[PDB]
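Architecture and fold: a report
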Amino acid sequence: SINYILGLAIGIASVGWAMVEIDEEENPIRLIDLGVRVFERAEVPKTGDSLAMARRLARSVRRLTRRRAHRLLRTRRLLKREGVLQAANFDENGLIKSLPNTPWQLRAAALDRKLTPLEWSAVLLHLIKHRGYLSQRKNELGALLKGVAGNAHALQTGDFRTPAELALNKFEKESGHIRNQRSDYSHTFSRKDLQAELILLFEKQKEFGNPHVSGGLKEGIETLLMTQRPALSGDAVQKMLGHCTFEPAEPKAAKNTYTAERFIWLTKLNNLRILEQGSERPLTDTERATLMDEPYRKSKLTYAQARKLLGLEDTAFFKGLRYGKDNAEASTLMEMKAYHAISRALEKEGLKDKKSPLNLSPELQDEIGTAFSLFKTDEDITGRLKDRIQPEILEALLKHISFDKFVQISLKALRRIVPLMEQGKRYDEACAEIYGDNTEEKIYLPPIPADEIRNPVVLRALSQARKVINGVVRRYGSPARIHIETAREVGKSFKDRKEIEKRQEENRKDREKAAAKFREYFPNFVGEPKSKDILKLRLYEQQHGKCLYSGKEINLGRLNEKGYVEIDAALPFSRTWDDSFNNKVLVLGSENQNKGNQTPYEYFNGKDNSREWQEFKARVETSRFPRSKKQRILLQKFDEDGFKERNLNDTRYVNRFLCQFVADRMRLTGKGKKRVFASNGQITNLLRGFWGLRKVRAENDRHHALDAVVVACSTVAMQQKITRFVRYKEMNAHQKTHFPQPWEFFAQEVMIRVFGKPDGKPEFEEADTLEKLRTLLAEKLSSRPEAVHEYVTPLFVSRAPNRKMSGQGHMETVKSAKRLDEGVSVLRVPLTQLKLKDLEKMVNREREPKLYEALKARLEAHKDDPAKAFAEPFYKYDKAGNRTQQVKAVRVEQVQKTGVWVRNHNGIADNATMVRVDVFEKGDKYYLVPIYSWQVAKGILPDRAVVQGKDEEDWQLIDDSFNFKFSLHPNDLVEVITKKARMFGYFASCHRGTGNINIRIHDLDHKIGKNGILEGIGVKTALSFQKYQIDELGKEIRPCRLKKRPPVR
Amino acid sequence: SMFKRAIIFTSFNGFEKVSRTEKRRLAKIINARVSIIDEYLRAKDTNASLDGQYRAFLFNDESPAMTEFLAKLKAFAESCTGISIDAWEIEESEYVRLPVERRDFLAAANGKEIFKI
RNA sequence: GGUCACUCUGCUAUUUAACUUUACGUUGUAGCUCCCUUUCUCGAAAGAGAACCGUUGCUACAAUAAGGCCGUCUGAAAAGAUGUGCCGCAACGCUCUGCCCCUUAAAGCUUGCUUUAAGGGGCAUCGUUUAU
DNA sequence: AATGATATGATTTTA
DNA sequence: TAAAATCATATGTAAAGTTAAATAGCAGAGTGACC
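Residues numbered from 1 in each chain as written, not as in the entry; some residues may be left out. Chains lettered and ligands numbered in written order. Heavy atoms only, no water. Residues with missing side-chain atoms left out of burial classes, pairs and counts.

What the deposited record gives as its method is X-ray crystallography, and the resolution it gives is 3.069 Å.

See the structure below:
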């Protein structure tokens, strides 16, 4: 039963963890254990897009394709049933045999003649397949809207009857094509326009003979062309709604609701403040009674109108209004959007007269608002409220109303509160008067609730942190306390993280330039200019070359003279724990003495508003300091403990949730309320510096554990030791002693435990094994007998396995598989993408040499930029020099040794995801069988193993003469002993062409391999090839052996 | 390590319009000398940053940095025919002995003028 | 009057989750068409006319993950009819089901190991989000 | 514009 | 020459709409600790 603090450095792809044993006074005494869990960010690696978003987009295009095909099949069935075509016209699959491929011509010429069975059917099928866009808005523009509106205006203008006629006349003549091109949106029509064309076509063909203008046919065809499912089912909205603040049973009310709108208006009114002459006051009862009914009586309330109604004055202004903005009082103060919306609907539909109140009950307006906000289809709203209001009103409202956006409070609670607020009480007073003002703790943390954290990346980080927490609890019992350091990147969007990367790169460049300038100013400065020296110079210039405490001029040139100038913490660190740059000032060594642990307000006796305080305040106000810094330096009355806490704790939303959750839902045997503690990153780095652990030069994943260790030693007792030391240092008072450390030789112990090498030199050969590590700690830390114990094992990085059997089937581009007998595919490539290397592989290189030479010359002319070379159109010339036809894409050959059949077995695509590799042994040689996701989908268990030189048909066949050893998934731990070296890593990728494997070194040390990856390990002639098991915490590494070959299922 | 200060005043004289080109040129000349140490001196190609502004550049002498800077400024000003630059020099002692408010005007008054173009 | 956390309102920015459509792009097949390699025919030449095959452009139709299914009615069924028809590249989890690891029993060949069982965990081809 | 990680042709090195 | 390393190169996209939730900044009203 061990007293230990669990430190966690929670990154966006890693969780470093440490266990530090503690005293009876929460003192760090012994480093029990440490490790690093590493995993994949829960986002698309290339773009940062949501994984669920890509999945949803794939699903939605699946639905679109399915429903379009179903629409066309239904239309064919209807054409058969309405006696337009006979069974003779349809092929075995179910398609019309040899239907005319000119439905645009047949459409635009259906205005002049009768149509055959085929021509009519083709026109209908083409109209339904290409049915344009339907405005789904409730009611600045992109290509789609501009094109649709342009075509709508063109056919509405005259000289064109139907969009097909307009299309042929305009688009073909002026473009050379009717349908839209790569990024074009010009030739796009409104669904309303095509429906009009449909009704006109039916009536015209009715007169033009044409037996098949049946009512049934017309109705069916129109229904098929016009109908599409509703975006909101009629149950979605409640399913996404969320509970009330006060009554979790009741759901929150809609904004467009008399009660909720009244609540918003009462909040705004009761919270309004007015500033007259240096004073602040609320609106009086008579002022409030003057304004209350006005938003119902006017379109908008308008702060300026409120001023008019109260006859306020020119000297009186509204609080919280940017009056710099030129017509600040033109802002809407209140607008009963729902009230006036219902009113205007009934007014425009002739059931309401202007200058007359709404005749509907408050409850009725509530019902209308909630129904419209919860339901967006006529059927649903009707079924909900066609029972309780007149149908005329319902028709008007369905014609004109659109409501959204709920108000966080239930109608019940709102109805209780709104009278109480009506009689002049504030919101807090009302709900205090009505309502005044939790979960059992398990041993193991429960799953992180996705409801609270919506960032999937943060969700995965926290889930892996849960895995590590539960691991250390399972292994060592309940922790006494949990200390957390969430990275700055956890909880931010992809763009925010990219922005902070860009800004830190720019900061590195700026610091390089600043060091160069500092060197220019001080040619004889000794050594590299460190951050404190650049900061000294910056503070000099930014303080106008004046001592902040005294105002005496500072002598540049003596800047580096020891003790001449000090970078002082304005607020004492013993009392504030603030090491931010907003608390550092440049003072003369002379004057910053007898200052001690006082603040500028206390040092200069600002309590009595002395001359010195005013002078100091003027100095800091005139300086080039951000407002935050000026506010901090001039901090008058403050709380010691509170300020220490805010600087120590780091209360971003993920940290807040994490602390709350872990403390409330997991057993911790600690002293006092705060048994979960999230650390300020700046203070963690400060302690890291003072405790002796430099920023490691090496690139690997182990430094995370280092951070965790430091977080584990940020105990209240350690913190107060630091506080006492810094207080003494402030008062200048047991000789060179130094910053307090958790224990003697803390730095070296931690460095050896994390990296397996001494602190100084990273070129020592790592203590790869338990006994070697223990020998290293015993030798280098002989004074510390507690450095060696039964839990000391080398840090092995645990990598989250990924044994999912489902994935992308194939790449999304489909290539011609006609010529697959020879190892080639043919893909058709736009000229704006064609390159010399690609051009060498054009199918028609041999046939049409002139075109090839012209293309080559055009690419050479523009330094081989395909976009620039082919910005102006390219044409195939025809013996005599006359440009003939245009070229926009050409067929190119590509190598294709393998692939996946798609599109009714008429196309081929490259593989996407290798889900498994089965490992067999014959004789004393190893064989690998790859299994892709499409093989899993089709249910096929491959039987051919890889041979380097050959294609799959010449591959080694597997039968009962082969032992089956195991199955590898990505990130499975493997051992390869090849009589040249032993390699122990995580299986990353298998190479189909070579038969080699790639393995990641546990810590991804860039020294070994290609950025930590051993690309190209052969296994066929290996002495041993084995698969292992590892746990979160990177412990219990065991060999494992499968009995039978697993199915794909 | 004797420190001087080059005070420059940049303005538009109205005779000829100032191209975005020339604005970026002058901004590049200025920003070559700015860093995080004196990032309040940074120049944008806006009229605000360029037209009618005082900038005091810190320099260590016994180094031809100041002279090259002033030469580039003078060349640009004479080439631009539509932008006026005035350059003064003051010792850093004198400069920090001046009051903070209206410091650059006082430094131009109390310094040695180098060129008015 | 500061600091921190919390409740509500408004504006703004960003993200998360779901849904409904459009329009291209890619492959296949046509129809017409642009070039063009073989080989014929013709021609003083230029270069026409044909037949595979390649292939430019335009228009249409099919497919648009690889793969699985549903409600009803005809049929012995294999199939027909019919549908605003439904799933399928992710995340999380351990209730059920696999695999693997560990621990503990019991029986055994000779303590070591192998089974078998339970318990604990890890991960899934298992479950939930998740459908008619 | 890339932003990443996987799949795999092509080529060089090793034993 | 087979097997094991190394180098190298390709990856579907853009318009429109209806929703709900979460985070954060600012503004306004409070509640609770402290200074």
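Turning our attention to helix α3 (residues 117-129) of chain A. Helix length check: α3 of chain A, at 13 residues, gives a terminal C-alpha distance of 18 Å against a target of 18 Å (1.5 Å per residue), a fit within 8%. By the N-cap criterion, in which a side-chain oxygen at the helix start approaches the backbone nitrogen of a residue two or three places on, α3 of chain A is capped by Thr116 of chain A, the distance to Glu119 of chain A being 3.2 Å. (Helix = DSSP H or I, 4+ residues; strand = E, 2+ residues; numbered from the N terminus. Expected span 1.5 Å × (residues − 1). Polar contact = N/O pair within 3.5 Å; in protein donor to acceptor, adjacent residues only side chain to side chain.)

Another point: the packing of helix α1 (residues 20-31) of chain B against helix α3 (residues 65-80) of chain B. Residue and element names in this part refer to chain B. Their axes nearest at 10 Å, the elements α1 and α3 cross at an angle of 170°. Taken together, the axis directions place α1 and α3 in an arrangement best described as roughly antiparallel. Touching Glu22, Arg25, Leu26 and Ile29 of α1 are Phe69, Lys72, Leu73, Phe76, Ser79 and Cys80, all from α3. Here the residues of the contact of α1 with α3 sort into six nonpolar, one polar and three charged. (Axes fitted to C-alpha atoms, helices over the stretch in contact; angles between N-to-C directions. Parallel < 35°, antiparallel > 145°, perpendicular 65-115°, else oblique. Contact = heavy atoms within 4.5 Å. Nonpolar A, V, L, I, M, F, W, Y, C, P; charged D, E, K, R; others polar.)

Before going further, it helps to spend a moment on the pattern of salt bridges. Following the criterion strictly, the structure yields 53 salt bridges over all chains and no others. Residue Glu119 of chain A is joined to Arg113 of chain A by a salt bridge in which the shortest nitrogen-to-oxygen separation is 3.1 Å. Its salt-bridge partner being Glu520 of chain A, residue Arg33 of chain B comes within 3.2 Å of it at the nearest N-O pair. Placement of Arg33 of chain B in the loop between α1 and α2 (47-50) and of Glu520 of chain A in helix α20 (residues 494-521) is noted, with the two residues assigned to different chains. One connected set of salt bridges, linked through shared partners, spans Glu363, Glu367 and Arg388 of chain A. (Salt bridge = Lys/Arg side-chain N within 4 Å of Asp/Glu carboxyl O.)

Residues and elements named next belong to chain A. Counting buried positions along strand β1 (residues 4-10) yields seven of seven residues, so the element is predominantly enclosed. Both faces of β1 are covered, namely the face carrying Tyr4, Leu6, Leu8 and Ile10 and the face carrying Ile5, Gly7 and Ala9. Once β1 ends, the chain turns through three residues before running back antiparallel as strand β2 (residues 14-22). Pairing between β1 and strand β9 (residues 481-486): six bridges, direction parallel. The partner of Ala9 across the bridge, within β9, is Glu485. (Buried < 20%, exposed > 50% of the residue type's maximum accessible area, 1.4 Å probe, protein only. Pairing = 2+ DSSP bridges.)

Here we take up the packing of aromatic side chains. Using the criterion set out here, one finds 40 aromatic pairs over all chains in the structure. Their ring planes at 65° and their centres at 4.9 Å tell us that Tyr603 of chain A and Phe604 of chain A sit as a pair that is edge-to-face. Ring geometry for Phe966 of chain A against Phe1025 of chain A: centres 5.2 Å apart, planes inclined by 65°, an arrangement best described as edge-to-face. Residue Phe966 of chain A is found in strand β24 (residues 963-968), and its partner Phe1025 of chain A is found in strand β29 (residues 1024-1029); the two are separated by 59 residues along the sequence. The same class applies to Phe966 of chain A as to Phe1025 of chain A, namely buried. In this structure, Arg883 of chain A is placed above the aromatic ring of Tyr875 of chain A, and the distance from its NZ or CZ to the ring centre is 4.7 Å. Lying across the ring of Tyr95 of chain B, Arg103 of chain B places its NZ or CZ 5.0 Å from the centre. (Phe/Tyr/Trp six-rings, centres within 6.5 Å; stacked < 30°, edge-to-face > 60°. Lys NZ or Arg CZ within 6 Å of the ring centre and 35° of its normal.)

What follows covers the interface of chain A and chain B. If you look at the interface, chain A gives 22 residues, while chain B gives 23 residues. Contributions of two or more residues to the side of chain A that touches chain B are made by α20 and α21 (531-542) of chain A. At seven residues, α20 of chain A tops the list of elements feeding residues into the side of chain A that touches chain B.

Residues and elements named next belong to chain A. Taken together, 123 residues form the shell around RNA strand C, and within it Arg76, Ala231, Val814, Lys850 and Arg903 come nearest. One nitrogen or oxygen atom from the main chain of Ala937 is found 3.0 Å from a sugar or linking oxygen belonging to RNA strand C. The contact in question runs from a sugar or linking oxygen of RNA strand C to an N or O atom on the side chain of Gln1029, over 3.2 Å. Considering every element that reaches the surface near RNA strand C, the biggest residue donor is helix α1 (residues 51-81), with 21 residues. (Near = heavy atom within 4 Å.)

The next point concerns the protein's contact with DNA strand D. Residue and element names in this part refer to chain A. The immediate surroundings of DNA strand D are formed by 17 residues, with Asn911, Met914, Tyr932, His991 and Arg1000 found nearest. Protein-proximal atoms of DNA strand D, defined as those within 4 Å of the protein, fall in sugar or phosphate at a share of 50%. Within the backbone of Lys46, an N or O atom sits 3.5 Å from a sugar or linking oxygen of DNA strand D. Take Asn911: an N or O atom from its side chain is 2.4 Å from a phosphate oxygen of DNA strand D. Within the surface near DNA strand D, the residues separate by chemical class into six nonpolar, six polar and five charged.

Further remarks concern the side chain of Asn27 of chain A. Residues and elements named next belong to chain A. Relative to the helices and strands, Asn27 resides in the loop between β2 and β3 (28-38). For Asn27, a relative accessible area of 14% corresponds to the buried category. At a separation of 3.0 Å, a polar atom in the side chain of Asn27 contacts the side chain of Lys721.

Attention shifts here to empty space enclosed by the protein. Residue and element names in this part refer to chain A. Within this model, the largest cavity holds a volume of roughly 40 Å³. Together, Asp33, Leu34, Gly35, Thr793, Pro794, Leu795, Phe796, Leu1033, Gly1034 and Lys1035 line the largest cavity. The residue makeup of the lining of the largest cavity, split by class, is five nonpolar, three polar and two charged. (1 Å grid on protein atoms, 1.4 Å probe; cavity = no way out; pocket = protein on both sides within 12 Å on 5 of 7 lines; lining within 4 Å. Points joined across faces, edges and corners; volume = space filled by probe spheres on them.)

Moving on, we get to the environment of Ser299 of chain A. Residue and element names in this part refer to chain A. Structurally, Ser299 is set in the loop between α11 (294-297) and α12 (303-310). Between the C-alpha atoms of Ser299 and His340, which are 41 residues apart in sequence, the distance is 7.4 Å. Apart from the residues lying within four places of it in its own chain, the contact partners of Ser299 are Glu335 and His340.

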